[PDB]
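This document starts with one chain, in the form deposited in one PDB entry, laid out as C-alpha cells.
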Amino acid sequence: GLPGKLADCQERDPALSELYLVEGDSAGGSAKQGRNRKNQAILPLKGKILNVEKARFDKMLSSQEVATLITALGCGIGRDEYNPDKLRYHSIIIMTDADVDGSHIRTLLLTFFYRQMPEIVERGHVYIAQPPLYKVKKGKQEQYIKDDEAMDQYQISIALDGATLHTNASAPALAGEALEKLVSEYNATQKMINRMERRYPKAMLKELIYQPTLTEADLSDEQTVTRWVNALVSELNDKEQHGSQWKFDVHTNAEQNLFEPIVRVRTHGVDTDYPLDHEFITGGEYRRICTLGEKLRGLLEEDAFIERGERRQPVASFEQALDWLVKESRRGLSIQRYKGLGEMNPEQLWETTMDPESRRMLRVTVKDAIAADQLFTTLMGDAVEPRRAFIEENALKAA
C-alpha cells in the first residue's frame, strides 16, 4: 500500500509532480515545512540501503526500504510486472547531505536505478540537487558559496579590494590589472612547489626564485657554477631558524661534459644529498620559477609601504605585504559550513534549493553503455583486487 512517511502533493497529473528523496526525519522535517504543497512530495529514508550487486534477488525483495521505494514509484519490479508507463512522478530528485556519508548513499542510490530500472534513466527522469556549502557574513551582507574554488576566488577578491603597492616614495602605484595577475601567478607557483616536497626540500626551492638564473651554457665552466652554488648556500645558513647545516660540492664529470652542483644538508643528525643534474635545469618546473623571478628580482626598494583603505604599514618583502593584505580583510568575517539539511531554516532551504526560479540542477545521462557497466562491476562488485588497484592508481595522478 501507500507508505506512512510519504507526504503527497495535491496534484494528480503526472509530468507536473516532483518527488524528493532525503536522508531521515531531520532533513525530512525541514523539507516539508518549506516546500510547495501543490506539486512537491517528500519521502524520507532510513539510512544506508542494501547493495544490489553484492546481494542476490531473494534478499532484495525482503528488504523494507527497497519495498517502500518500489511501492512509492508505482512502476513495478521484475519482468512480469515491469510496465514503465505507470510512473507517478516524471521527476526524481536526490537531495542527500553534503558530507562524505552523503556521497556513499548517492552511489548506492545510483546503482539501484541503473541495475534494476534502466529505462527510467535512459528516458531522462533522474536529477541531482545541489545545496550550497558555505554561508559568509561580511558585516551586514550575506552570501552563499557553492564550492571551494568560489571560496578561494571570494577571499582573493576581498583581500585585493584595496591594493596600492608603492615600490618607493614619489612614485606611481600599481593597482587593478597588475596586482591580480601577480597574485595569481604567485599562488600558482606556490601550489606547484608544495607538490614537489617529496623530492626536494621546501626551503631550497623558495630560495631559487630570488637567485639569478642558470643557463645550459654556464654548465661548461667551473667558476660560474661554483660561485652560483656558494651564493646559494651562503644565505641559507644566514636565514636558518631550525638548526640545519648546508654545504656544497662540485661533482666534476668526464663523459657528457658538464658541471652539476650538489647540495648537502643535515637536519636531525641525518645527512642527505640532493643533486641538481641536467634534467632539472632543462625541465619545465625550473622554467616557471624562472619566469616568476624575472618580475620579482627587484621591484622593492627601501621606504616602501602598502595601503588598503586607510592603513599604511611598511614592508620589506612581497610575502609580508600579501600576508598583511590577507590578514586585514579577516577582521569582521564569519564563515559557517553546512553539514546537513537539518541545520537550515525552512525559509533558507526554499530560496536556495527548491525554488524553481533560482535553483541549479543536474540531469544524468549515459554516454557509452559498454564502458558504463564495466565500471559498476569494478567499484561495486564482489572482487576486491580491481578495486584496490583502481584506488591506488588515481592517488598517483594527483601527486
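All residue numbers are counted from 1 along the displayed sequence. Take the two forms, superpose them, and find the largest set of C-alpha atoms that agree within 1.5 Å; that set is the rigid core.
This next part talks about the form deposited in another entry, which is not shown.
Peer 1: If I align on the rigid core, exactly one of 153, 184, 71, 267 should have its C-alpha move by 2 Å or more between the shown form and the other one; which residue is that?
Peer 2: The only residue crossing the 2 Å threshold is 267.
Peer 1: Does superposing the core leave residue 139 with a CA shift of 2 Å or more between the shown form and the other one?
Peer 2: It does shift by 2 Å or more.
Peer 1: Answer yes if the CA of residue 169 moves 2 Å or more between the shown form and the other one after aligning the rigid core, and no otherwise.
Peer 2: Yes, its C-alpha moves 2 Å or more.
Peer 1: Under a superposition restricted to the rigid core, does residue 255 display a Cα displacement of 2 angstroms or more between the shown form and the other one?
Peer 2: Moves: yes, 2 Å or greater.
Peer 1: Are residue 291 and residue 264 closer or farther apart at their Cα atoms in the other entry than shown, with the shift being 3 Å or more?
Peer 2: Residues separate in the other entry, at least 3 Å farther apart.
Peer 1: Tell me whether residue 280 and residue 264 end up closer or farther apart in the other entry, going by their C-alpha atoms; the shift is 3 Å or more.
Peer 2: Those two alpha carbons end up farther apart in the other entry.
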